[PDB]
Amino acid sequence: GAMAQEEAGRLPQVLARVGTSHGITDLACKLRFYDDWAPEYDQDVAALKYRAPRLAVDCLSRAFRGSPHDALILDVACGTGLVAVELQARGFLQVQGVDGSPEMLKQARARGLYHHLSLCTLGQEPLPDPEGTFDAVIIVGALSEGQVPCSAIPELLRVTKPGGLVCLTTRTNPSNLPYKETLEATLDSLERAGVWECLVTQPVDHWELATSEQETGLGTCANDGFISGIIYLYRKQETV
Ligand SMILES: Nc1ncnc2c1ncn2[C@@H]1O[C@H](CSCC[C@H](N)C(=O)O)[C@@H](O)[C@H]1O
């Protein structure tokens with residue numbers, strides 16, 4: 001495909017391509033190309049100031065009545081080694097998930113924090129784990145924008161049991177800035193439906209990028225008007 005299937009089906013392409021299989025050398029090659037930029041992505045989060053991992057992990061435990069020790073936690077391809085290392089110290093002794101880049105997998109798997117990690121990118125297709133599997137899931141830097149199509153996230157929720165916790169972070173408004181409010185309304189519909197109930201939304205640097213204290217004036221010279229980086233935690237299956 002081109003441009004990761006319009007900056008949406010990127011990962012989804014991998015499941016499509018991995019279906020053929022029987023190509024460990026090239027399958028690694030494709031991932032190897034992704035990992036080429038990978039290091040450039042790491043520094044990118046620092047520039048974005050994704051506090052999520054710090055507050056995100058803390059917030060989950062604060063709202064997570066169950067112990068990550070006895071509960072089964074889930075992490076996605078965006079389960080950066082450090083989040084897991086912090087997760088372990090946080091009190092998570094049980095973790096499962098899926099990741100696309102071996103380098104991303106190496107931190108998690110080689111770390112020895114994740115009980116079981118699986119290679120398999122996706123996005124416009126269901127998550128690898130089954131429903132009612134893990135008591136909670138925590139992914140960072142993966143959303144509708146070629147990485148993890150926001151419709152698929154709810155699949156992660158599906159693999160999460162009721163009363164569980166789902167934690168995610170990425171660019172809130174990479175595009176469709178007004179759609180965020182539309183997006184927020186969508187969560188409420190799911191909450192109302194009973195699928196999941198929004199708990200809290202942790203602060204980030206997303207507001208400042210789109211809106212500047214000075215004003216609209218010289219907007220282009222201000223390099224502002226786009227909201228990015230935000231974290232939030234939702235409960236699994238709850239009433240309104
Ligand atoms: N469902 C999924 N399965 C596997 N990998 C996924 C995934 N969703 C996102 N990813 C990961 O997201 C990255 C996109 S391309 C790599 C860029 C950089 N490593 C980064 O962290 O963004 C890959 O590392 C890929 O493994």
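Numbers at a glance
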read-out	value
Hey, residue 181 of a type outside the set (S, T, N, Q), more than 23 Å from residue 60 (Cβ to Cβ) and over 17 Å from the mean Cα position of the chain (by Cα) or not	yes
Cβ-Cβ under 6 Å pairs, at least 6 apart or on other chains, the stretch 1-22 side more than 8 Å from residue 146 (Cβ to Cβ), far side surrounded by fewer than 16 Cβ atoms within 10 Å (Cβ to Cβ)	13/1
Residue list for the stretch 86-126, filter: crowded, with 22+ Cβ neighbours inside 10 Å, assigned to a loop (DSSP other than H, G, I, E, B) and within 15 Å of the ligand (Cβ to nearest atom)	100, 114, 121, 122, 123
Residue count, the stretch 153-190 (criterion: assigned to a loop (DSSP other than H, G, I, E, B) and either of a type in the set (D, E, K, R) or farther than 28 Å from residue 208 by Cα (or both))	1
Candidate set from the stretch 13-31 (those that are under 16 Å from residue 128 (Cβ atoms) and among the β-branched types (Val, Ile, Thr)); member that is surrounded by the most Cβ atoms within 10 Å (Cβ to Cβ)	14
Residues of the stretch 54-85 satisfying the condition of being within 13 Å of the ligand (Cβ to nearest atom) and buried (at least 20 other Cβ atoms within 10 Å of the Cβ)	74, 75, 76, 77, 78, 79, 80, 83
Evaluation of residue 240 against (1) in contact with a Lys or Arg (Cβ under 7 Å, 6 or more places away or on another chain); (2) within 23 Å of residue 57 (Cα to Cα) (one fails), failing number	(2)
Residues of the stretch 194-240 satisfying the condition of being out of contact with any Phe, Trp or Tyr (no Cβ under 8 Å at 6 or more places or on another chain), in a helix (DSSP H, G or I) and closer than 26 Å to residue 54 by Cα	206, 207, 208
Residues of the stretch 204-232 satisfying the condition of being more than 13 Å from residue 170 (Cα to Cα) and surrounded by 20 or more Cβ atoms within 10 Å (Cβ to Cβ)	209
Out of 88, 43, sole residue that is under 25 Å from residue 204 (Cβ atoms) and without any contact (Cβ under 8 Å) to a residue 12 or more places away in the chain	43
Residue satisfying all of: in the stretch 127-141; among the small types (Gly, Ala, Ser) and buried (at least 22 other Cβ atoms within 10 Å of the Cβ); farthest from the ligand (Cβ to nearest atom) among these	136
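Residue-by-condition table, conditions (1) of a type outside the set (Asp, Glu); (2) farther than 26 Å from residue 43 by Cβ:
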{"residue": "84", "(1), (2)": "yes, no"}
{"residue": "102", "(1), (2)": "yes, no"}
{"residue": "107", "(1), (2)": "yes, no"}
{"residue": "111", "(1), (2)": "yes, no"}
{"residue": "123", "(1), (2)": "yes, no"}
{"residue": "140", "(1), (2)": "yes, no"}
{"residue": "145", "(1), (2)": "no, no"}
{"residue": "152", "(1), (2)": "yes, yes"}
{"residue": "160", "(1), (2)": "yes, yes"}
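Values in this text are rule-based calculations from the coordinates and carry no lab data. A quick note on method: Cβ atoms are made from the backbone with ideal geometry, for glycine too, and the neighbour counts reach across all protein chains shown.
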